[PDB]
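Beneath this line is the structure, given in structure tokens, with notes to follow.
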Amino acid sequence: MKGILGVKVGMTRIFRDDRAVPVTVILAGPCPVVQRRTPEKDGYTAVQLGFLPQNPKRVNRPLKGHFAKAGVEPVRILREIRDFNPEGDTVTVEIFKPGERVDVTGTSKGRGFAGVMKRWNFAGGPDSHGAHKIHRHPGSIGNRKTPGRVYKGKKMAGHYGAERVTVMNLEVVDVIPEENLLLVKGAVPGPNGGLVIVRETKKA
Amino acid sequence: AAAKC
Amino acid sequence: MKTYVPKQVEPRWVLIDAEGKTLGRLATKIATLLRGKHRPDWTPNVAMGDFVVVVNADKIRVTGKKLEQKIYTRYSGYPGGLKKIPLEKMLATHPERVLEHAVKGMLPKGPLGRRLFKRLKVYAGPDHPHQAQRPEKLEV
Amino acid sequence: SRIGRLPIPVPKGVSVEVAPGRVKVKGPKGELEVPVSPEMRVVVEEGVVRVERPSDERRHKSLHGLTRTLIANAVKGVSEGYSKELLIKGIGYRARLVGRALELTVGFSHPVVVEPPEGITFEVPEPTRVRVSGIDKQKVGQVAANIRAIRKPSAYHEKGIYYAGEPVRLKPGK
Amino acid sequence: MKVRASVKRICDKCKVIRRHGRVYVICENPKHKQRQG
RNA sequence: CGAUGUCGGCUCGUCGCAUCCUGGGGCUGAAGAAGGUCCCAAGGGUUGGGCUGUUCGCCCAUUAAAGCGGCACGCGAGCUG
RNA sequence: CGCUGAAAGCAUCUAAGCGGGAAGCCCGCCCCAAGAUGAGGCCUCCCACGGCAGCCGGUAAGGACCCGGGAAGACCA
Ligand SMILES: [Mg+2]
Ligand SMILES: [Mg+2]
Ligand SMILES: [Mg+2]
Ligand SMILES: [Mg+2]
Ligand SMILES: [Mg+2]
Ligand SMILES: [Mg+2]
Ligand SMILES: [Mg+2]
Ligand SMILES: [Mg+2]
Ligand SMILES: [Mg+2]
Ligand SMILES: [Mg+2]
Ligand SMILES: [Mg+2]
Ligand SMILES: [Mg+2]
Ligand SMILES: [Mg+2]
Ligand SMILES: [Mg+2]
Ligand SMILES: [Mg+2]
Ligand SMILES: [Mg+2]
Ligand SMILES: [Mg+2]
Ligand SMILES: [Mg+2]
Ligand SMILES: [Mg+2]
Ligand SMILES: [Mg+2]
Ligand SMILES: [Mg+2]
Ligand SMILES: [Mg+2]
Ligand SMILES: [Mg+2]
Ligand SMILES: [Mg+2]
Ligand SMILES: [Mg+2]
Ligand SMILES: [Mg+2]
Ligand SMILES: [Mg+2]
Ligand SMILES: [Mg+2]
Ligand SMILES: [Mg+2]
Ligand SMILES: [Mg+2]
Ligand SMILES: [Mg+2]
Ligand SMILES: [Mg+2]
Ligand SMILES: [Mg+2]
Ligand SMILES: [Mg+2]
Ligand SMILES: [Mg+2]
Ligand SMILES: [Mg+2]
Ligand SMILES: [Mg+2]
Ligand SMILES: [Mg+2]
Ligand SMILES: [Mg+2]
Ligand SMILES: [Mg+2]
Ligand SMILES: [Mg+2]
Ligand SMILES: [Mg+2]
Ligand SMILES: [Mg+2]
Ligand SMILES: [Mg+2]
Ligand SMILES: [Mg+2]
Ligand SMILES: [Mg+2]
Ligand SMILES: [Mg+2]
Ligand SMILES: [Mg+2]
Ligand SMILES: [Mg+2]
Ligand SMILES: [Mg+2]
Ligand SMILES: [Mg+2]
Ligand SMILES: [Mg+2]
Ligand SMILES: [Mg+2]
Ligand SMILES: [Mg+2]
Ligand SMILES: [Mg+2]
Ligand SMILES: [Mg+2]
Ligand SMILES: [Mg+2]
Ligand SMILES: [Mg+2]
Ligand SMILES: [Mg+2]
Ligand SMILES: [Mg+2]
Ligand SMILES: [Mg+2]
Ligand SMILES: [Mg+2]
Ligand SMILES: [Mg+2]
Ligand SMILES: [Mg+2]
Ligand SMILES: [Mg+2]
Ligand SMILES: [Mg+2]
Ligand SMILES: [Mg+2]
Ligand SMILES: [Mg+2]
Ligand SMILES: [Mg+2]
Ligand SMILES: [Mg+2]
Ligand SMILES: [Mg+2]
Ligand SMILES: [Mg+2]
Ligand SMILES: [Mg+2]
Ligand SMILES: [Mg+2]
Ligand SMILES: [Mg+2]
Ligand SMILES: [Mg+2]
Ligand SMILES: [Mg+2]
Ligand SMILES: [Mg+2]
Ligand SMILES: [Mg+2]
Ligand SMILES: [Mg+2]
Ligand SMILES: [Mg+2]
Ligand SMILES: [Mg+2]
Ligand SMILES: [Zn+2]
């Protein structure tokens with residue numbers, strides 16, 4: 001189980017065997033191993049990765065001490081890759097080869113307060129035939145005196161997106177190591193410039 | 001208002 | 001003359017080996033100790049029972065076909081959120097909950113009864129970390 | 001009208017050793033442990049093992065006849081051993097050893113390769129005869145049963161894996 | 001497998017057995033297999 | 001009865017299982033293919049139209065299938081009328 | 001559906017024991033989650049301040065306020 005931190009660059013498409021391949025470009029390299037979680041000390045196995053160097057003028061003393069114990073320049077983002085013990089003290093795009101399948105995790109785009117139609121694909125109401133101020137309303141939310149209430153988990157309007165989403169089993173189309181570029185086939189959660197995480201697929 | 005007739 | 005009411009005493013710590021004991025018949029005795037009704041100065045509105053440590057709770061014993069037929073139940077508040085876990089699956093995944101669940105249902109409901117449950121410390125295996133308190137081995 | 005009280009002949013030189021809830025049977029072909037109720041009593045005599053029950057209740061009468069056969073099957077296992085033969089029937093059906101493994105060509109799109117567990121030895125004399133040999137009578141019958149299930153006897157044609165001595169019961173299909 | 005409330009022997013080769021808390025009839029004739037239920 | 005709004009539709013479901021489909025079986029008057037029948041199984045699925053206010057039902061074209069029921073014959077301080 | 005097997009010399013999937021066996025069950029996958037008051041763990045930072053398990057200030061590491069904003073957003077966050 002290998003993994004790396006990255007940033008969504010943007011989408012484009014390449015040509016490969018006379019086919020347009022939709023790709024999302026990710027800038028993944030390089031990630032210094034900042035701490036390794038071990039069964040002896042932490043009860044589990046994981047590598048705390050760093051990503052993007054940070055202006056040391058903005059790094060308070062608790063964090064500076066944390067980087068110091070690793071001999072690592074101050075970094076913007078710390079994320080652990082679970083069950084991953086890389087050999088070196090740095091993780092780069094090289095851990096992926098074209099043809100492999102990866103899982104990408106990002107933070108979806110935030111719809112804010114979202115209606116029942118956008119959020120849950122509800123049908124809403126009719127737009128004519130007398131429909132009275134309910135065109136985007138959810139309809140009934142219950143029964144009558146039995147059970148006399150509304151279920152937990154009831155699909156209602158509310159906030160939507162800006163949540164952790166993992167899309168799975170994406171093809172690694174290319175690895176351009178001189179630019180720390182990973183090219184993945186298909187779509188990846190969140191906006192351009194968003195932080196993403198690239199793990200080896202759990203699909204088999 | 002409709003009726004219970 | 002008014003009935004005696006006791007000042008606060010430091011409570012006794014106690015240890016019980018559950019191995020090969022019958023589940024409900026051990027719990028009945030743990031509850032009594034936690035309520036402290038074995039003490040002559042028992043007072044119903046104060047936690048003045050004993051602290052009970054149990055080792056080898058994984059080795060509790062049950063009669064009949066209850067390993068496969070006694071169903072613990074959990075409801076989550078959601079449609080369809082009734083979870084059924086048979087006794088052996090619990091013994092195999094969280095064996096200390098078997099005796100904790102048995103003792104809790106025999107304790108008074110309410111704030112004090114909840115406090116008394118916290119004075120119960122149940123461990124699968126032969127060992128417990130409360131050596132600081134040096135609990136007294138009891139037979140039951 | 002009884003099995004429990006019938007004594008067990010022990011060939012020279014099989015040893016039967018008694019222990020709490022177990023008897024060990026060592027012989028020229030191997031060892032077998034026979035778990036036995038502590039409510040029973042296994043008695044080692046001259047070339048003979050006997051089992052005794054401590055009452056005439058239904059459980060004790062049932063464990064009694066049971067325990068005796070279990071031990072008798074183990075005494076036989078370590079000396080004579082156990083075997084069961086399977087006959088393959090069908091125009092394209094055959095079987096061959098591939099090392100220690102049993103390979104069945106029994107009319108599927110693929111062959112079936114059965115591998116032998118410990119104590120089980122596959123002997124394929126002819127392409128239509130397979131033998132399952134071992135000391136454990138239960139295990140030998142279980143492996144044999146597995147192999148037969150790979151292609152059970154047809155209800156309408158003499159086609160499939162049969163036990164030796166297994167009748168051929170067919171019904172009309174027209 | 002016949003599943004019914006009245007299970008009996010159907011032919012002289014039928015056998016009534018109780019396995020796993022249920023009454024069965026077993027027989028060399030597979031039509032006669034019965035479970036009580 | 002100093003008021004517990006009554007059909008159908010729409011919307012949103014959720015539950016039961018006496019199961020429509022899909023999964024697993026036994027029996028068959030099971031050759032194969034396809035069926036019948038009973039058993040297990042409620043995880044998921046269970047189409048679009050013509051007629052009528054209709055529920056229901058019939059019909060068209062499909063489908064793995066076009067399930068049956070409870071929830072104040074679920075749901076009018078949610079809509080319709 | 002079996003293997004082995006009594007009771008019940010036979011037979012029996014069962015009474016002792018062992019196999020096989022569902023889109024279902026548990027885990028596995030994705031998300032939430034220590035108010036899990038049973039409030040968990042790890043890495044790092046500051047440190048015994050001054051005045052009659054309490055009070056009163058001035059501080060530490062840090063934090064908030066305010067400001068420029070933001071594919072974050074009703075306000076808040
Ligand atoms: Mg993102
Ligand atoms: Mg992230
Ligand atoms: Mg976002
Ligand atoms: Mg979007
Ligand atoms: Mg927004
Ligand atoms: Mg809406
Ligand atoms: Mg929509
Ligand atoms: Mg949506
Ligand atoms: Mg609509
Ligand atoms: Mg619309
Ligand atoms: Mg409109
Ligand atoms: Mg109107
Ligand atoms: Mg309105
Ligand atoms: Mg309008
Ligand atoms: Mg509404
Ligand atoms: Mg009402
Ligand atoms: Mg109503
Ligand atoms: Mg209610
Ligand atoms: Mg949000
Ligand atoms: Mg999502
Ligand atoms: Mg693919
Ligand atoms: Mg290429
Ligand atoms: Mg670059
Ligand atoms: Mg007094
Ligand atoms: Mg006891
Ligand atoms: Mg008390
Ligand atoms: Mg007390
Ligand atoms: Mg039991
Ligand atoms: Mg009361
Ligand atoms: Mg009849
Ligand atoms: Mg028979
Ligand atoms: Mg009235
Ligand atoms: Mg009034
Ligand atoms: Mg009134
Ligand atoms: Mg009124
Ligand atoms: Mg319904
Ligand atoms: Mg049923
Ligand atoms: Mg079916
Ligand atoms: Mg079927
Ligand atoms: Mg057929
Ligand atoms: Mg035919
Ligand atoms: Mg059938
Ligand atoms: Mg049946
Ligand atoms: Mg279902
Ligand atoms: Mg229709
Ligand atoms: Mg028309
Ligand atoms: Mg119409
Ligand atoms: Mg109609
Ligand atoms: Mg009509
Ligand atoms: Mg049809
Ligand atoms: Mg079909
Ligand atoms: Mg109604
Ligand atoms: Mg209805
Ligand atoms: Mg209504
Ligand atoms: Mg209205
Ligand atoms: Mg209405
Ligand atoms: Mg209403
Ligand atoms: Mg109302
Ligand atoms: Mg309402
Ligand atoms: Mg109302
Ligand atoms: Mg009108
Ligand atoms: Mg009108
Ligand atoms: Mg026999
Ligand atoms: Mg038999
Ligand atoms: Mg048994
Ligand atoms: Mg089994
Ligand atoms: Mg089998
Ligand atoms: Mg999380
Ligand atoms: Mg906490
Ligand atoms: Mg947390
Ligand atoms: Mg508390
Ligand atoms: Mg505490
Ligand atoms: Mg709690
Ligand atoms: Mg605490
Ligand atoms: Mg904490
Ligand atoms: Mg922990
Ligand atoms: Mg803050
Ligand atoms: Mg703003
Ligand atoms: Mg804000
Ligand atoms: Mg404001
Ligand atoms: Mg604002
Ligand atoms: Mg503010
Ligand atoms: Zn018969």
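Labels used: A, B, ... for chains in the order of the structure tokens, numbers from 1 for residues in each chain, and numbers from 1 for ligands as shown.
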- Within 12 Å of chain C, which residues of chain F show up when using only C-alpha atoms (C1' of nucleotides), listed as number ranges by chain? F: 13-15, 42
Take the residues that were just selected and, keeping N, CA and C atoms (P, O5', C5', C4', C3', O3' and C1' of nucleotides), output them as a PDB file, in the first residue's frame.
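As written to disk, selection08.pdb reads:
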```pdb
ATOM      1  P     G F  13     -36.785   9.317  -1.671  1.00  0.00           P
ATOM      2  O5'   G F  13     -37.778   8.077  -1.738  1.00  0.00           O
ATOM      3  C5'   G F  13     -37.614   6.966  -0.876  1.00  0.00           C
ATOM      4  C4'   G F  13     -38.205   7.239   0.479  1.00  0.00           C
ATOM      5  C3'   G F  13     -38.139   6.096   1.470  1.00  0.00           C
ATOM      6  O3'   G F  13     -36.868   6.007   2.080  1.00  0.00           O
ATOM      7  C1'   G F  13     -40.287   7.097   1.533  1.00  0.00           C
ATOM      8  P     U F  14     -36.097   4.604   2.082  1.00  0.00           P
ATOM      9  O5'   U F  14     -36.787   3.813   3.265  1.00  0.00           O
ATOM     10  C5'   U F  14     -36.715   4.306   4.586  1.00  0.00           C
ATOM     11  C4'   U F  14     -37.785   3.690   5.434  1.00  0.00           C
ATOM     12  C3'   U F  14     -37.872   2.180   5.392  1.00  0.00           C
ATOM     13  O3'   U F  14     -36.887   1.528   6.171  1.00  0.00           O
ATOM     14  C1'   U F  14     -40.022   3.074   5.188  1.00  0.00           C
ATOM     15  P     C F  15     -36.492   0.015   5.825  1.00  0.00           P
ATOM     16  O5'   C F  15     -37.724  -0.835   6.365  1.00  0.00           O
ATOM     17  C5'   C F  15     -38.028  -0.876   7.745  1.00  0.00           C
ATOM     18  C4'   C F  15     -39.374  -1.521   7.996  1.00  0.00           C
ATOM     19  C3'   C F  15     -39.560  -2.953   7.518  1.00  0.00           C
ATOM     20  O3'   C F  15     -38.946  -3.909   8.357  1.00  0.00           O
ATOM     21  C1'   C F  15     -41.455  -1.690   6.936  1.00  0.00           C
ATOM     22  P     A F  42     -34.351 -12.839   4.635  1.00  0.00           P
ATOM     23  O5'   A F  42     -34.707 -11.864   3.434  1.00  0.00           O
ATOM     24  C5'   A F  42     -33.669 -11.222   2.699  1.00  0.00           C
ATOM     25  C4'   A F  42     -34.007  -9.785   2.401  1.00  0.00           C
ATOM     26  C3'   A F  42     -34.447  -8.959   3.602  1.00  0.00           C
ATOM     27  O3'   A F  42     -34.101  -7.596   3.374  1.00  0.00           O
ATOM     28  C1'   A F  42     -36.224  -9.108   2.058  1.00  0.00           C
TER      29        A F  42
END
```
- Message: When you look at residue B:4 with a cut-off of 10 Å (counting only C-alpha atoms (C1' of nucleotides)), what residues show up, excluding the ones that are within fewer than 3 positions of it in the same chain? I need them as a ChimeraX atom specification.
- Response: /B:1 /F:3,5-6
Saved selection, atoms kept: C-alpha atoms (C1' of nucleotides), as a PDB file, in the first residue's frame:
```
ATOM      1  CA  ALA B   1     -62.508  24.243   3.377  1.00  0.00           C
TER       2      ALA B   1
ATOM      3  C1'   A F   3     -64.155  19.268  14.094  1.00  0.00           C
ATOM      4  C1'   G F   5     -60.357  16.819   6.434  1.00  0.00           C
ATOM      5  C1'   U F   6     -62.785  12.477   3.791  1.00  0.00           C
TER       6        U F   6
END
```
- From the set G:28, G:40, G:7, G:22, which residue has the shortest atom-to-atom contact distance to ligand 72, counting only C-alpha atoms (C1' of nucleotides) and all ligand atoms? G:40
- Task: Throw together the list of residues within 10 Å of ligand 46, counting only C-alpha atoms (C1' of nucleotides) and all ligand atoms, and drop it here as a PyMOL selection string.
- Result: chain F and resi 49-51
Selected residues, N, CA and C atoms (P, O5', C5', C4', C3', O3' and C1' of nucleotides), written as a PDB file, in the first residue's frame, please.
```pdb
ATOM      1  P     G F  49     -44.770   7.213 -19.238  1.00  0.00           P
ATOM      2  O5'   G F  49     -45.728   6.411 -20.206  1.00  0.00           O
ATOM      3  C5'   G F  49     -46.719   7.085 -20.945  1.00  0.00           C
ATOM      4  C4'   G F  49     -47.012   6.387 -22.241  1.00  0.00           C
ATOM      5  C3'   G F  49     -48.488   6.193 -22.531  1.00  0.00           C
ATOM      6  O3'   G F  49     -49.070   7.357 -23.082  1.00  0.00           O
ATOM      7  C1'   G F  49     -47.356   4.156 -22.874  1.00  0.00           C
ATOM      8  P     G F  50     -50.488   7.881 -22.558  1.00  0.00           P
ATOM      9  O5'   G F  50     -51.550   6.973 -23.318  1.00  0.00           O
ATOM     10  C5'   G F  50     -51.673   7.014 -24.726  1.00  0.00           C
ATOM     11  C4'   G F  50     -52.820   6.158 -25.174  1.00  0.00           C
ATOM     12  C3'   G F  50     -54.090   6.276 -24.347  1.00  0.00           C
ATOM     13  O3'   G F  50     -54.869   7.391 -24.726  1.00  0.00           O
ATOM     14  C1'   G F  50     -53.583   4.003 -24.670  1.00  0.00           C
ATOM     15  P     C F  51     -55.594   8.317 -23.638  1.00  0.00           P
ATOM     16  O5'   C F  51     -56.790   7.412 -23.105  1.00  0.00           O
ATOM     17  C5'   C F  51     -57.692   6.798 -24.001  1.00  0.00           C
ATOM     18  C4'   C F  51     -58.720   5.969 -23.274  1.00  0.00           C
ATOM     19  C3'   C F  51     -59.222   6.538 -21.956  1.00  0.00           C
ATOM     20  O3'   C F  51     -60.262   7.478 -22.148  1.00  0.00           O
ATOM     21  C1'   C F  51     -58.705   4.230 -21.714  1.00  0.00           C
TER      22        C F  51
END
```
- Item | Selection near residue E:29, 9 Å with only C-alpha atoms (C1' of nucleotides), sequence-local residues under 3 positions removed, as a ChimeraX atom specification | /E:11,13-14,26,32-33
- Message: Can you pull out every residue with an atom within 7 Å of ligand 1? Use only C-alpha atoms (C1' of nucleotides) and all ligand atoms and format it as a VMD selection string.
- Response: chain A and resid 8 106 to 108 189 to 191 194 to 196
- Task: Pull out every residue of chain A sitting within 7 Å of chain F, counting only C-alpha atoms (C1' of nucleotides), and send them as a PyMOL selection string.
- Result: chain A and resi 124-125+130-132+134+138-146
Selected residues written out, N, CA, C and O atoms, as a PDB file, in the first residue's frame:
```pdb
ATOM      1  N   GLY A 124     -38.744  16.961  -7.094  1.00  0.00           N
ATOM      2  CA  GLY A 124     -39.456  18.211  -6.924  1.00  0.00           C
ATOM      3  C   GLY A 124     -40.944  18.084  -7.237  1.00  0.00           C
ATOM      4  O   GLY A 124     -41.538  17.009  -7.187  1.00  0.00           O
ATOM      5  N   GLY A 125     -41.547  19.223  -7.569  1.00  0.00           N
ATOM      6  CA  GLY A 125     -42.945  19.258  -7.918  1.00  0.00           C
ATOM      7  C   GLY A 125     -43.181  19.615  -9.372  1.00  0.00           C
ATOM      8  O   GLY A 125     -42.261  19.972 -10.114  1.00  0.00           O
ATOM      9  N   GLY A 130     -51.450  23.589 -11.578  1.00  0.00           N
ATOM     10  CA  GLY A 130     -51.921  24.019 -10.287  1.00  0.00           C
ATOM     11  C   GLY A 130     -50.930  23.907  -9.162  1.00  0.00           C
ATOM     12  O   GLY A 130     -51.214  24.417  -8.071  1.00  0.00           O
ATOM     13  N   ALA A 131     -49.793  23.244  -9.383  1.00  0.00           N
ATOM     14  CA  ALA A 131     -48.745  23.157  -8.377  1.00  0.00           C
ATOM     15  C   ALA A 131     -48.562  24.500  -7.688  1.00  0.00           C
ATOM     16  O   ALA A 131     -48.402  25.534  -8.343  1.00  0.00           O
ATOM     17  N   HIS A 132     -48.622  24.489  -6.362  1.00  0.00           N
ATOM     18  CA  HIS A 132     -48.702  25.736  -5.612  1.00  0.00           C
ATOM     19  C   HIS A 132     -47.466  25.930  -4.731  1.00  0.00           C
ATOM     20  O   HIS A 132     -47.428  25.510  -3.569  1.00  0.00           O
ATOM     21  N   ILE A 134     -44.494  24.736  -4.752  1.00  0.00           N
ATOM     22  CA  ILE A 134     -43.792  23.548  -4.274  1.00  0.00           C
ATOM     23  C   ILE A 134     -42.847  22.980  -5.332  1.00  0.00           C
ATOM     24  O   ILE A 134     -42.347  21.859  -5.188  1.00  0.00           O
ATOM     25  N   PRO A 138     -39.760  19.002  -1.258  1.00  0.00           N
ATOM     26  CA  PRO A 138     -39.488  17.566  -1.177  1.00  0.00           C
ATOM     27  C   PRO A 138     -40.735  16.710  -1.063  1.00  0.00           C
ATOM     28  O   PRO A 138     -40.634  15.486  -1.231  1.00  0.00           O
ATOM     29  N   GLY A 139     -41.895  17.316  -0.823  1.00  0.00           N
ATOM     30  CA  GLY A 139     -43.132  16.574  -0.689  1.00  0.00           C
ATOM     31  C   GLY A 139     -43.384  16.133   0.739  1.00  0.00           C
ATOM     32  O   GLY A 139     -43.139  16.886   1.681  1.00  0.00           O
ATOM     33  N   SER A 140     -43.875  14.916   0.907  1.00  0.00           N
ATOM     34  CA  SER A 140     -44.107  14.368   2.237  1.00  0.00           C
ATOM     35  C   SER A 140     -42.784  13.963   2.878  1.00  0.00           C
ATOM     36  O   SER A 140     -41.877  13.478   2.201  1.00  0.00           O
ATOM     37  N   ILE A 141     -42.674  14.156   4.189  1.00  0.00           N
ATOM     38  CA  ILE A 141     -41.503  13.676   4.908  1.00  0.00           C
ATOM     39  C   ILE A 141     -41.852  12.600   5.932  1.00  0.00           C
ATOM     40  O   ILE A 141     -40.985  12.180   6.688  1.00  0.00           O
ATOM     41  N   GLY A 142     -43.088  12.144   5.976  1.00  0.00           N
ATOM     42  CA  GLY A 142     -43.455  11.110   6.920  1.00  0.00           C
ATOM     43  C   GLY A 142     -44.774  10.382   6.669  1.00  0.00           C
ATOM     44  O   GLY A 142     -45.216  10.223   5.529  1.00  0.00           O
ATOM     45  N   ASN A 143     -45.399   9.952   7.766  1.00  0.00           N
ATOM     46  CA  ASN A 143     -46.624   9.163   7.730  1.00  0.00           C
ATOM     47  C   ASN A 143     -47.733   9.916   8.460  1.00  0.00           C
ATOM     48  O   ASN A 143     -47.932  11.107   8.210  1.00  0.00           O
ATOM     49  N   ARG A 144     -48.464   9.254   9.356  1.00  0.00           N
ATOM     50  CA  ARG A 144     -49.302  10.030  10.258  1.00  0.00           C
ATOM     51  C   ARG A 144     -48.935   9.727  11.699  1.00  0.00           C
ATOM     52  O   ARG A 144     -47.760   9.846  12.060  1.00  0.00           O
ATOM     53  N   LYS A 145     -49.921   9.341  12.521  1.00  0.00           N
ATOM     54  CA  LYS A 145     -49.703   9.274  13.967  1.00  0.00           C
ATOM     55  C   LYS A 145     -48.731   8.165  14.345  1.00  0.00           C
ATOM     56  O   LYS A 145     -48.081   8.250  15.388  1.00  0.00           O
ATOM     57  N   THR A 146     -48.670   7.102  13.539  1.00  0.00           N
ATOM     58  CA  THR A 146     -47.657   6.057  13.542  1.00  0.00           C
ATOM     59  C   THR A 146     -46.691   6.307  12.391  1.00  0.00           C
ATOM     60  O   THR A 146     -47.139   6.435  11.246  1.00  0.00           O
TER      61      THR A 146
END
```
- Kindly compile the residues surrounding ligand 28 within 12 Å, counting only C-alpha atoms (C1' of nucleotides) and all ligand atoms, and format them as a PyMOL selection string. chain C and resi 22-23+60-71+86-89+91
Could you save those same residues with N, CA, C and O atoms as a short mmCIF file (atom, residue, chain, number, x, y, z; two decimals), in the first residue's frame?
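This went into result30.cif:
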```cif
data_model
loop_
_atom_site.label_atom_id
_atom_site.label_comp_id
_atom_site.auth_asym_id
_atom_site.auth_seq_id
_atom_site.Cartn_x
_atom_site.Cartn_y
_atom_site.Cartn_z
N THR C 22 -20.50 -18.98 36.04
CA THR C 22 -21.73 -18.79 35.30
C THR C 22 -22.05 -17.30 35.22
O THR C 22 -22.02 -16.60 36.24
N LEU C 23 -22.38 -16.84 34.01
CA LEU C 23 -22.46 -15.42 33.68
C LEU C 23 -23.39 -14.66 34.62
O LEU C 23 -22.96 -13.74 35.33
N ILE C 60 -15.77 -16.61 30.71
CA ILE C 60 -17.05 -16.76 31.39
C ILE C 60 -17.79 -17.96 30.80
O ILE C 60 -17.56 -18.35 29.65
N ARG C 61 -18.67 -18.56 31.59
CA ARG C 61 -19.35 -19.77 31.16
C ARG C 61 -20.86 -19.56 31.14
O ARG C 61 -21.41 -18.80 31.94
N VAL C 62 -21.52 -20.26 30.22
CA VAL C 62 -22.96 -20.14 30.05
C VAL C 62 -23.52 -21.53 29.80
O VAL C 62 -22.85 -22.41 29.26
N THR C 63 -24.77 -21.73 30.19
CA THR C 63 -25.41 -23.02 30.06
C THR C 63 -26.26 -23.06 28.79
O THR C 63 -26.35 -22.09 28.03
N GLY C 64 -26.88 -24.21 28.54
CA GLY C 64 -27.75 -24.35 27.39
C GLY C 64 -27.06 -24.01 26.07
O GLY C 64 -25.84 -24.06 25.94
N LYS C 65 -27.89 -23.66 25.09
CA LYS C 65 -27.41 -23.28 23.76
C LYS C 65 -27.27 -21.77 23.61
O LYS C 65 -27.48 -21.22 22.52
N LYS C 66 -26.89 -21.07 24.68
CA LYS C 66 -26.86 -19.62 24.68
C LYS C 66 -25.67 -19.03 23.93
O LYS C 66 -25.72 -17.85 23.57
N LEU C 67 -24.61 -19.81 23.71
CA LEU C 67 -23.49 -19.30 22.92
C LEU C 67 -23.95 -18.92 21.52
O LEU C 67 -23.44 -17.95 20.94
N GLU C 68 -24.92 -19.65 20.97
CA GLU C 68 -25.42 -19.42 19.63
C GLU C 68 -26.79 -18.77 19.59
O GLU C 68 -27.22 -18.32 18.52
N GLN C 69 -27.50 -18.71 20.72
CA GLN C 69 -28.88 -18.26 20.73
C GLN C 69 -29.14 -17.02 21.56
O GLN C 69 -30.16 -16.37 21.34
N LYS C 70 -28.28 -16.67 22.51
CA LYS C 70 -28.47 -15.42 23.23
C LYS C 70 -28.04 -14.27 22.33
O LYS C 70 -26.87 -14.17 21.95
N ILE C 71 -28.99 -13.39 22.00
CA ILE C 71 -28.78 -12.31 21.04
C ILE C 71 -28.71 -10.99 21.80
O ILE C 71 -29.69 -10.58 22.42
N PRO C 86 -24.89 -12.41 18.28
CA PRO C 86 -24.97 -13.57 19.18
C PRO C 86 -23.81 -13.59 20.17
O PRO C 86 -22.75 -12.98 19.96
N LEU C 87 -24.04 -14.31 21.26
CA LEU C 87 -23.12 -14.29 22.40
C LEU C 87 -21.70 -14.68 21.99
O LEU C 87 -20.73 -14.04 22.40
N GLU C 88 -21.55 -15.73 21.17
CA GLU C 88 -20.20 -16.16 20.83
C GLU C 88 -19.49 -15.14 19.96
O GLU C 88 -18.29 -14.92 20.12
N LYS C 89 -20.21 -14.50 19.04
CA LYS C 89 -19.58 -13.46 18.23
C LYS C 89 -19.11 -12.32 19.12
O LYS C 89 -18.05 -11.74 18.88
N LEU C 91 -18.30 -12.70 22.45
CA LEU C 91 -17.17 -13.29 23.16
C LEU C 91 -15.92 -13.30 22.29
O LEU C 91 -14.81 -13.15 22.81
#
```
- Task: Write as a PyMOL selection string the residues around ligand 6, taking 10 Å as the cut-off and counting only C-alpha atoms (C1' of nucleotides) and all ligand atoms.
- Result: chain A and resi 114-125+134-138+156-157
- ligand 5: which residues are within 10 Å, counting only C-alpha atoms (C1' of nucleotides) and all ligand atoms, as a list in words? residues 109, 110, 111, 112, 113, 114, 159, 160, 161 and 162 of chain A; 71, 72 and 73 of chain G
